[PDB]
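This document contains two forms of one protein chain, each encoded as structure tokens and listed individually as structure 1 and structure 2.
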Structure 1
């Protein structure tokens, strides 16, 4: 009955996984709530994550998260994939996210030639774009609402219009549903998210998305 506790070392990998979903046309966001939450934990670090859970009364069986190279056959030819050792997310699911993302990337090349940095799966702000949706869901959880989904989509289409222009897979309805699902199924993620947001919103300036997140997070307490 383990909880994966990713450390700072797999932060870049989790951001890239977020970015792979963000470039996927009609992406399956079933795992985005979990992946976003894994990104938040990698930003907090393993030590602070275990501290948060233990202090909150949750008894945690910590699973170490490392990057492994998994060799698997796709269309007759053997391919190498970098995956995370996660008890909550199978090797198969991770590899299929990379496969679907690579199909959307080839379609992009065919449409516009080589892709600008801000349109790629490895843009440094992908994890934070996902956590912006989490910040909107947390507000609706706070306000007492349950059928707050309609307002999440509507607020998201306004606040994240530049990012939605950059990413075909930024689908607020599906992503909000995935976070609602993870916060109700795993309430310990609410404590992790709140500690992440308090710590993030301390870091002054930086990136446009980091600023959008800090603003969205600050709102959950009256703004």
Structure 2
């Protein structure tokens, strides 16, 4: 069974990416999956299914809905997603860890600027820039291109790394190497996502960085 998020959970996945990005010494074990879930909510449920079926994969679609979970950790209310690939506990521990780093940020700077927040609209796209680097290096059938991925990420995502303490290229890249090796159908989803993304036109810097990195996968 594959999780097929639709456009309605896009804003939620974006905030999930940014929660990981604000976390200092963040456990990026699930970042590859979360990044792939984001691209899927940008494509939508119908396109994702069509992409997978046409590429010869037998896929059992699972609807992604927003659930409210309550747990005593103060009685706290959490907004979570119905994912077969990601438990309610994993999602809630992501929020708990990021709220700790947010509290630390508030103590140091006083008020968090919009571009330093977990709900900045470019958070999901920041994560997907690492995936664009990983995709270029998969052909070698190993992980020898990792040193080059970190080298490029430090240069191309220089401003983004100043904005987020949780933007750790080695960890995020290892997460995408594992997810593309374990679930090769995500490579098809991501390739289809990047071509549809170059059609996007707006004022986002990271949308532009992604469009440039994606075209570098050709030549």
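Each form is matched to the other, and the largest set of C-alpha atoms that superpose within 1.5 Å is called the rigid core. Numbering follows the first chain given and starts at 1.
S.K.: Select from 143, 87, 116, 109 the only position whose Cα moves 2 Å or more between structure 1 and structure 2 when the core is aligned.
M.R.: Correct option: 143.
S.K.: 2 Å or more on the CA of residue 208 between structure 1 and structure 2, with the rigid core superposed, yes or no?
M.R.: No; residue 208 is a residue whose C-alpha shifts by less than 2 Å between structure 1 and structure 2 when the cores are overlaid.
S.K.: Look at the Cα of residue 52 between structure 1 and structure 2 with the rigid core superposed and state its shift in Å.
M.R.: With the rigid core fitted, the alpha carbon of residue 52 is displaced 0.3 Å between structure 1 and structure 2.
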